[PDB]
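Quick note, the sequences are listed as chains A and B, same order. At position 30 of the first sequence the residue is numbered 115 (this note's numbering), and the sequence of numbers has no breaks. At position 19 of the second sequence the residue is numbered 144 (this note's numbering), and the sequence of numbers has no breaks. Everything below concerns the one structure shown next.
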Amino acid sequence: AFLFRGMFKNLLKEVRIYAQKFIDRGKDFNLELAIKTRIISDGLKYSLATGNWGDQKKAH
Amino acid sequence: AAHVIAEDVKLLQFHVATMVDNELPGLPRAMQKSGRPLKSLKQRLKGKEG
RNA sequence: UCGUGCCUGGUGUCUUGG
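The structure is reproduced here in structure tokens:
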């Protein structure tokens, strides 16, 4: 649960920038490409693998 | 220009200073994009394993 | 009836040994 909080926050940061880059063009934005699958799937799989209870870039 | 040259020599000051010693008080640390701090020359001879 | 030879891994962490 401690993980999944941070990992879900990361993906809301992704869909954010992806909505932005797309509205500014004045076009329309699509969430299917915005949804970065590799946040959960890899974060979990990472922390459960190394043992480091965090993100990979702040793992120290 | 003085401002852009100051940025060049300060960041130059950072890289040259971090080469010998990668443990400064109140200073960012040299790290690889591979997610680890660089072993400076001082780190090759500081510790029990150097 | 033939003639060539030492390649060869670095980094971190947990478990465990006296």
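All C-beta atoms in this analysis are idealised placements derived from N, C-alpha and C, irrespective of residue type, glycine included.
Chain B contact for residue i (CB, 8 angstroms cutoff)
i	result
A:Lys106	no
A:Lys112	no
Residue i (DSSP reduced to helix, strand or coil)
i	result
B:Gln157	strand
B:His128	helix
B:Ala142	helix
B:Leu170	coil
B:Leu149	coil
Contacts of residue i in chain B (Cβ-Cβ under 8 angstroms)
i	result
A:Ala144	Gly160
Bridge partner(s) assigned by DSSP for residue i
i	result
B:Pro162	B:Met156
Problem - Every unbroken alpha helix (DSSP H) inside the stretch 89 to 142 of chain A [4 residues or more] - result: Inside the stretch 89 to 142 of chain A, DSSP marks whole alpha helix (DSSP H) runs of 4 or more residues at positions 116 to 119 and 125 to 135, from first to last along the chain.
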